[PDB]
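Peer 1: Please find the sequence and an experimentally derived structure below.
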Amino acid sequence: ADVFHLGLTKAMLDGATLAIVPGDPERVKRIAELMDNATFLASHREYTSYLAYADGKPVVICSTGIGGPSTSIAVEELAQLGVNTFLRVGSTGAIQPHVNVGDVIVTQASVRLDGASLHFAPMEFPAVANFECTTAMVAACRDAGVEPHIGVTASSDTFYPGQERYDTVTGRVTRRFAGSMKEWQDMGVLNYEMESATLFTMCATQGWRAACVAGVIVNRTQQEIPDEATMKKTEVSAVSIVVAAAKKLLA
Amino acid sequence: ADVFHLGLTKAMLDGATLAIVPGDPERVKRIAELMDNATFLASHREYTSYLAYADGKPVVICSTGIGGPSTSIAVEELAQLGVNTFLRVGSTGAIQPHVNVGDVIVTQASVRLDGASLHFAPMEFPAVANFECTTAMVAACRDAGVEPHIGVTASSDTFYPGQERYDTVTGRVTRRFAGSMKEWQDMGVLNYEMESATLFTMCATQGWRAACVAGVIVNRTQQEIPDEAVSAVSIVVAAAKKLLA
Amino acid sequence: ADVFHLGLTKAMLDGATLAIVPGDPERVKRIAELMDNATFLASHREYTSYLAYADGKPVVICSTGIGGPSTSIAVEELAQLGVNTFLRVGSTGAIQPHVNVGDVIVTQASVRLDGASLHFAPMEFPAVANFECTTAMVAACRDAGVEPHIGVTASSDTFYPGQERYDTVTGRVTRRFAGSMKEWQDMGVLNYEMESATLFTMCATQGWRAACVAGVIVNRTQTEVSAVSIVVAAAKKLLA
Amino acid sequence: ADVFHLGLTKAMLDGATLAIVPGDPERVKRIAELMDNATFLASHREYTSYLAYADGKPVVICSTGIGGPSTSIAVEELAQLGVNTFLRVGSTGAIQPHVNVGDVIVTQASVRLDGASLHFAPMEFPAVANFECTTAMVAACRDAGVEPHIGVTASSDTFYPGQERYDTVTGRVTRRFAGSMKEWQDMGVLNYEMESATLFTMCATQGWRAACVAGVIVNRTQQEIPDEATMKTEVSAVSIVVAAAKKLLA
Amino acid sequence: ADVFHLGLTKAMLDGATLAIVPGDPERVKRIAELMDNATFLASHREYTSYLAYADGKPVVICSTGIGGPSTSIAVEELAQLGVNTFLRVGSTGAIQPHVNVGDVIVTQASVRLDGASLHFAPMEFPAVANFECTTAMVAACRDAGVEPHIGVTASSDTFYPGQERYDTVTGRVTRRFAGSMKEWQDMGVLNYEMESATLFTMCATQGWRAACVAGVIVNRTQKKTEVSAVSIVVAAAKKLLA
Amino acid sequence: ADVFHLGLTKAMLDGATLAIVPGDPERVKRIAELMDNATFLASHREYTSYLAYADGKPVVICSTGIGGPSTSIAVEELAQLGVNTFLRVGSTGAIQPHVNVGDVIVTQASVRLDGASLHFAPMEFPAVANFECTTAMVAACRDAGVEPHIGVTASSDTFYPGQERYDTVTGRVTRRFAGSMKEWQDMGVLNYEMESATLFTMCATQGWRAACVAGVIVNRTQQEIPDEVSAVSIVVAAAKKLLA
Ligand SMILES: O=c1cc[nH]c(=O)[nH]1
């Protein structure tokens, strides 16, 4: 391998400069197979990598794992191999009662509730997406019949205390994060996830483009975690949107 | 007046929900007169307001003065009168050597080198512009034959040390800002101005839309202060028309 | 001009080394007419400059605008022109029940609720007024038959949430300023204003003198000329 | 499942109250297979879980993925299922010139260069390991003819800038992390890894025991990254952590 | 004892509302003997307490120990027995070339390089002396024909690294304090000592007056002064109790 | 002297490389007399030093005064005189209700409510005790038939507000320390004292060994002020194990 974690060489990317970077190693193939000539490349730790072809052009699909530190490794190593563009697709808990299960969210920037973003810039630096790649995510939603939510996402180093979940062993949340969900709700913050702050801050500072789209799997104003009673029932998927965003950008 | 600083009532706005907010009280009238039926409203302290119409739609033009505290009172008090959109226009120092003087910058989000931003959100919250108004600025540039620089601006509570200016009485920059320019340069930050961090944080947190377009009057890789020698103000009026359509 | 914002030359000030720095442009002229030979200098953005003469010596009267950013520009640009002394006057409310409308506050030092002070020193540095100019401000109060409240002022980057005002569109105050009025009240903080922290920190660190007198015109918990009258006597005290 | 990520139920753990929590899902089965009756429990995302028996005592083996956020999920979710004790085994880079490739380190506490530890306690709280499980870690080294290094570990959210690696696309480290290796050096900080700060802080605060043993793969005084020239043949930190697990469950 | 550390009772103070609070226990008795009818009160840990009379008014002389935390106990427990004014006297070195050995410093406010200050107010709060006590101090200097340096003091939790000293075992200064002296020197900071930040903030926040004079016995950049400083502070006490 | 505060020369220590550092200058002679041939060295400010012999090896017994600034001077100046090991002994107030007044606490590490720590390392650095000296204090408890509480201590710059005491002149604690005792409680913090964060950070960083044992004189679940020894005999016993 040319890179220390991902198990990839530059040859294997066949000149790809754009990656779709989902969180889950298990989504990668499905993503890859919505494009042409999907090929397995590597699987090491949380990092499963496919190649596919969007309208004749090469696209790397590589999982990040949960949260910024695993993300930072993927993003650096892909960029060592010549990726300059990172499209995150993921699931997300809505914190606004008007943001329904199954809606799609385009994250334009992030509340920095991570530590990895600080390894790229002081906290004063905005965790902001690429304008042009956000534009293409928004457009790919609208083509899909979907007006996405566009705004600010709380990006958290934890799924439990940092997203003010109490259904936990101690059911205690440290002072900094006690009340914090209402703080972000009051500020019009749409959702929680766990990687966008890091991906954005490292992309913006290192001169790479990033954006993030995500399907809503629960509303935190009604359930801490989704269960069978939560609406699954499909519609227009964040995975189809990110692929068509990828085509917009390479075309 | 129905507000504590600006000398305005809501009636005076004729139903305007959108403000063009430049810095100089001496630039309000001129911007306004790019519109129709430019109307004096009020001049108090650094707050000169005009009402004008943009293809039939009422627009406040209100100066903010320099720096986020003065901006925060203009933006709060205007909102208390129905404004829900704040389009910032002005001038800037470019800190990238590919941003030429007379370039246009559209500011997506800002480094928070201010204090007023912290009176609305903790520093972890991004100082981010409204996507729709930003999209409207970008389009107005392209209608005028201008491809703007789109990215990150350093928004500083000072003109001198915070923007890493040495041509001062003491010629010292406190540690925290010593080498700060380069840091921002290396980060791909385009420019310095003194309000967008406040404007963007307070609007984002308070459910109002904001955006920022600015013309480049010095390049900081060359010199600290501009030589003593229209497009941005043309674009912001263009954008205001798009958003009120 | 010699300076980027204020539109002044070093010549225009006739060797003046002391400024009277109020916030409001529309107050400059009439502060300057309390002295001899009051002359319009420049008017740019929120910066309206006047010269006049205290017992034969020139004093510059220059407005700052609201808040430490616009203050920071005025103070730096005046200093580029040989000003070494910055007397702030103004009006304020108070957050203590014993501070009645009509009272004067001399601010000895300030809570740093601003950003621009951090552009001159880390937060550990005290936002402290010059002992000499503060003493002059006090003696002028007392000369006028006023015993001023001498204490700590909360200097806020904002009029509204930083001063824990809920009379706003959203009626929301961010967590760090939720409760913050009772905290300052309890620590004996006399009032809020929006400039003294930047002015203080910037003059201390750059080696200039500053002070801040202010008449009380409102008390949240429950004279304009006096405070201008007092600052002008302070200036003569210092230039005598 | 009764936890949201791991795919586990309590019964699946057979009363296990102790996990070995490596980073790598690829390695969970091998670690398991150093115990008895290795049993596949779940695989979801970076989270591969096995049960096995440590001299008749049930042990869960669960991968954390890299860094504190993924670790935090695993530890919360195991602890809903009755785990009260978390032994971290893994690899590390040495930042002291006397700490040789192949030595073992038992981390008694960590520099909190992470964000997830702040989701459990303010920065003033120490990221300290449990005294008992650290002692067991040291006893299981010495049982194996190994004197481990025992001290403070720099626990970093990033592999690259936060460990002051410059062999990167930009070759730039942000001002906070610039010179930071020298700083931890001078402080007698022994090594870099990416999870112990989160784990220690979430465990000490939530009332759960934790410790962490790790084998040195590179010395940062000589190479950013281990390569073929780096030393290949010694007591494994996996052998140590299984040994400690028996002692603690004895 | 009404108070757990100092071993004192309100009755023992005879209505004293003012304390001279020097750092060194061994100095207390002597400070006290500039005054009338000097009377041992208590000695526990680093806290030696005396009562003397300054122009017939009760004055407490109580040692604090070195640094903010020991200072914070003496100040709180004294205040519990009705003390409302605290005059600190000391010697100091000085970090400005224009400050000569034998000069006097009157600290008007202090850089907060302490932790105890933060146990009373966030860092934004200024570590400012009381204006009236400072004035008293300035005027007692002047009455002794001494023109004091009136400025900002760097109040450090440590004698060595927080004062950017390299003459230590390791010779190492942690990044925060690397270059820190030059920074304060540049900002006009006159000196380092180890308590004024704690004393100032706790007194400002709690509603008690404080002030600080100190003779300059050394200057990094380069008895009589100690007798001067303790003489000055006693003079200042009388000014305030008049 | 060879040092700036303590009044000690290297010669006076007789090759002692280990100090016992209690807080109270009045506790020093007493500790020293638990060893052989106890010798007054000096007394300066809050710094009273004795020498004694522990199974034939020199041990310095040096008070630190209250709180990290004074501890930092005494620790630095001892180390200038060849001291590499500092065993701290003292009193403590327990915040967990399962800790009995009269119990022993062995502080593995400290919450840094103290400023002197920051003069040695950033707050991110853990205020961790030395493994071996902590190990030694645990074994010296158990040899004495006492199972000590082992974990985390809240090491505060103040006795009053930093320990969230309200029986004060103002009866007010600043926002950062309001509700803080409950927070430390919920996190399993054992006790409050005022030196261990400075001691541990400064030893850790400077390559010296440090540990702490202390006897519980008040339970803060009951009251704020203690009502009117094993930990001192445990510390002498830990010293002999480490010098053996
Ligand atoms: O309660 C107590 C006892 C001793 N030391 C402390 O800090 N607190």
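Peer 2: Received it, and whenever you're ready, just let me know what you need. Numbering: from 1, shown residues only, chains lettered A, B, ... in the order given.

Peer 1: Which helix or which strand is home to the residue nearest to the spatial centre of chain A?
Peer 2: In chain A, the residue lying closest to the centroid (C-alpha atoms, centre = their mean) is residue A:88, at 3.5 Å. If you go by DSSP states H and E, residue A:88 is part of strand A:85-94.

Peer 1: What would that strand look like as CSV? C-alpha coordinates only.
Peer 2: What follows is strand A:85-94, C-alpha atoms only, in CSV (Å, rounded to 0.1, in the frame of the first residue of the first chain):
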residue,chain,number,x,y,z
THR,A,85,-13.2,16.2,-3.1
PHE,A,86,-15.1,14.4,-0.2
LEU,A,87,-19.0,13.8,-0.4
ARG,A,88,-20.2,12.5,3.0
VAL,A,89,-23.6,10.6,2.9
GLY,A,90,-24.9,9.5,6.3
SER,A,91,-27.9,9.1,8.7
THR,A,92,-28.9,11.8,11.2
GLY,A,93,-31.0,12.6,14.2
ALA,A,94,-33.2,15.7,13.6
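
Peer 1: Does chain D have contacts with it?
Peer 2: No. Strand A:85-94 stays clear of chain D (C-beta under 8 Å from any C-beta of the partner chain), getting no nearer than 11.1 Å. For the C-beta atoms, the positions are set from N, CA and C on the backbone; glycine is no exception.

Peer 1: which of the residues in that strand are buried?
Peer 2: A:85, A:86, A:87, A:88, A:89, A:90, A:91, A:92, A:93, A:94 (16 or more other C-beta atoms under 10 Å in any protein chain shown).

Peer 1: chain center to it: distance?
Peer 2: Averaging C-alpha positions (C-alpha atoms, centre = their mean, to the nearest Å) puts strand A:85-94 3 Å from its chain's average.

Peer 1: Show me what it pairs with in its sheet, parallel or antiparallel.
Peer 2: Counting by DSSP bridges, the strands paired with strand A:85-94 are strand A:18-20 (parallel), strand A:191-193 (antiparallel), strand A:209-219 (parallel).

Peer 1: mind giving me CSV with those and columns for distance to residue A:228 and mean neighbour count?
Peer 2: CSV is the format used below for the strands paired with strand A:85-94 (distance: least, C-beta to C-beta, whole Å; neighbours: other C-beta atoms under 10 Å in any protein chain shown):
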stretch, distance to residue A:228, mean neighbour count
strand A:18-20, 29, 25
strand A:191-193, 22, 26
strand A:209-219, 12, 24
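
Peer 1: Same list (these) but as CSV, adding distance to residue A:166.
Peer 2: CSV is the format used below for the strands paired with strand A:85-94 (distance: least, C-beta to C-beta, whole Å):
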stretch, distance to residue A:166
strand A:18-20, 34
strand A:191-193, 14
strand A:209-219, 15
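
Peer 1: Mind checking these for the one nearest to residue A:40?
Peer 2: strand A:18-20 (15.1 Å; C-beta to C-beta).

Peer 1: Tell me which residues are up against the closest one.
Peer 2: Contact with strand A:18-20 is made by A:31, A:54, A:59-62, A:78, A:83-87, A:89, A:242-243, A:246, A:249-250, as judged by C-beta atoms under 8 Å, 6 or more residues apart in numbering or on different chains.

Peer 1: what are the ranges of the helices in chain A?
Peer 2: All helices of chain A, identified by DSSP state H, fall at A:28-32, A:68-80, A:131-143, A:180-186, A:196-206, A:238-250.

Peer 1: Just send the ones you listed back as CSV, with mean neighbour count too.
Peer 2: Output for the helices of chain A, formatted as CSV (neighbours: other C-beta atoms under 10 Å in any protein chain shown):
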stretch, mean neighbour count
helix A:28-32, 21
helix A:68-80, 28
helix A:131-143, 22
helix A:180-186, 19
helix A:196-206, 30
helix A:238-250, 22
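
Peer 1: Would you format the ones you listed as CSV with distance to chain B included?
Peer 2: Below are the helices of chain A laid out as CSV (distance: least, C-beta to the nearest C-beta, whole Å):
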stretch, distance to chain B
helix A:28-32, 25
helix A:68-80, 13
helix A:131-143, 5
helix A:180-186, 8
helix A:196-206, 5
helix A:238-250, 15
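
Peer 1: Now do the contacts for residue A:39.
Peer 2: Residues in contact with residue A:39 (C-beta under 8 Å, 6+ apart) are A:32, A:50, A:51, A:52.

Peer 1: from the residues you listed, which ones fall inside strands?
Peer 2: Counting by DSSP state E, those place A:50, A:51, A:52 in strands.

Peer 1: In contact with the last one: list those residues for me.
Peer 2: Counting by C-beta under 8 Å, 6+ apart, residue A:52 touches A:31, A:32, A:33, A:34, A:35, A:36, A:37, A:38, A:39, A:58, A:59, A:61.

Peer 1: do residue A:246 as well
Peer 2: Counted by C-beta under 8 Å, 6+ apart, residue A:246 has contacts A:18, A:20, A:35, A:54, A:59, A:87.

Peer 1: What parts of the stretch 51-200 of chain A come near chain D?
Peer 2: A:65-70, A:72-73, A:76, A:79-80, A:113-122, A:156-162, A:168-170, A:174-177, A:194, A:198.

Peer 1: Filter the contacts of residue A:52 down to the buried ones.
Peer 2: Neighbour counting over the contacts of residue A:52 (16+ other C-beta under 10 Å) leaves A:31, A:32, A:34, A:35, A:38, A:58, A:59, A:61 as the buried ones.

Peer 1: From what I see, the first one and residue A:243 are in contact.
Peer 2: Yes. Assessed by C-beta atoms under 8 Å, residue A:31 is found in contact with residue A:243 at 7.0 Å.

Peer 1: which residue does the stretch 51-200 of chain A bring closest to the ligand?
Peer 2: Residue of the stretch 51-200 of chain A nearest the ligand, by C-beta to the nearest ligand atom: residue A:175 (21.6 Å).

Peer 1: which non-adjacent residue is nearest residue A:45?
Peer 2: residue D:24 (5.3 Å; C-beta to C-beta, 6 or more residues apart in numbering or on different chains).

Peer 1: Could you tell me the phi and psi values at the one you found?
Peer 2: In terms of degrees, to the nearest 10, the main-chain angles of residue D:24 are phi -100, psi 120.

Peer 1: Extract the C-alpha trace of stretch A:236-248 and format it as PDB.
Peer 2: The C-alpha trace of stretch A:236-248 is given here as PDB (Å, rounded to 0.1, in the frame of the first residue of the first chain):
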ATOM      1  CA  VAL A 236     -35.800   9.500  -2.000                       C
ATOM      2  CA  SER A 237     -32.600   8.300  -0.400                       C
ATOM      3  CA  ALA A 238     -29.500  10.200   0.700                       C
ATOM      4  CA  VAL A 239     -27.300   7.600  -1.200                       C
ATOM      5  CA  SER A 240     -29.000   8.200  -4.600                       C
ATOM      6  CA  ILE A 241     -28.700  12.000  -4.000                       C
ATOM      7  CA  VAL A 242     -24.900  11.800  -3.200                       C
ATOM      8  CA  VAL A 243     -24.300   9.700  -6.300                       C
ATOM      9  CA  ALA A 244     -26.200  12.200  -8.600                       C
ATOM     10  CA  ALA A 245     -24.300  15.100  -6.700                       C
ATOM     11  CA  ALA A 246     -21.100  13.200  -7.700                       C
ATOM     12  CA  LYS A 247     -22.200  13.100 -11.400                       C
ATOM     13  CA  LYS A 248     -23.100  16.900 -11.300                       C
END
